[PDB]
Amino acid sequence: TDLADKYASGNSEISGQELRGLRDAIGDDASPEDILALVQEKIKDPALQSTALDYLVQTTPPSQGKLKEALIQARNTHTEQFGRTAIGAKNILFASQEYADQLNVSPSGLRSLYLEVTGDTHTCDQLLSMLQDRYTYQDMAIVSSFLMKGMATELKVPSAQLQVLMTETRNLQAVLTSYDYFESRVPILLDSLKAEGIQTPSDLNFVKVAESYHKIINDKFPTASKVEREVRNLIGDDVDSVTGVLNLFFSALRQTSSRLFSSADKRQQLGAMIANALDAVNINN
């Protein structure tokens, strides 16, 4: 197997065939401009084009000093042209293809998404909103793992920027993990309430419950009154319903990632707040 097969190996977007086809198409006297034209014709993806150019420069012996220099210049030009669009996407080729398979989507689409995400400073919330508008909650977590794989792999690039984006994506993941906690426990709570003849808001789902939980923890100055208030606004005024949710929020607090708390004190303060709310909704035993 040649360099073309080595390049095509694991690469779901390039065949050794098209690469050899490209190398064979490029004559020894091909100018840097000629090379790029040919690369562009057979390969539309800049990442794959840049990959092809690496293949081409690399598959060319130093004996063909003129061609290799033309190919090098072509690649240098292509890199000058695309920069990150080519190089960054090329860097995360494996990751994009792997997750494209899990999501049953296009790898280029994921690379585009990645570059989009990494092209600027984005907070966790910006990322969350950016993903919920594009994916199912089920798929979002998987997408977040692609982005994380890509950013980690970019240890070869907006260094400082990616570090911040990774911190923001980890926050996003921590939030999603919290939503998963509610996903499994909310039905149990609602079924147990239902079993005791307690009618609950028909639309009440884990997301609404989880969102209420996060409004509480992210509250700038939370109180037991605010806690109870949000819970009552959430599930209604049934003592067992309010108690159930407050108990769920209290259970959730212990399981929520530390990164989602401004300090260790914040977590304890929230617990105390929830406990006080539970006591307020238990006076009449």
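The first residue of the sequence shown is number 1, and the count goes up from there.
Counting the unmodelled positions of the deposited sequence between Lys156 and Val157 gives a gap of 4 to 9 residues. When the C-alpha B-factors of 266 to 274 and 21 to 29 are averaged, 21 to 29 comes out higher. Looking at mean Cα B-factors across 133 to 141 and 172 to 180, the upper value is held by 133 to 141. For the set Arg75, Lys215, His122, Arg185, the PDB entry puts the maximum C-alpha B factor at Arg75. Between the residues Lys42, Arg229, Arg254, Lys220, it is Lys42 that shows the highest Cα B-factor in the PDB record.
Ranked against the other modelled residues of its chain, the C-alpha B-factor of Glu211 as given in the entry falls in the lowest third.
Split the chain's modelled residues into thirds by C-alpha temperature factor. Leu71 is in the highest one. Remark: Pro201 belongs to the middle third of its chain, ranked by C-alpha B-factor as recorded.
Annotation for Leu260: CA B-factor lies in the lowest third of the chain's modelled residues. In the PDB entry, a CA B factor belonging to the middle third of its chain's modelled residues is recorded for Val105.
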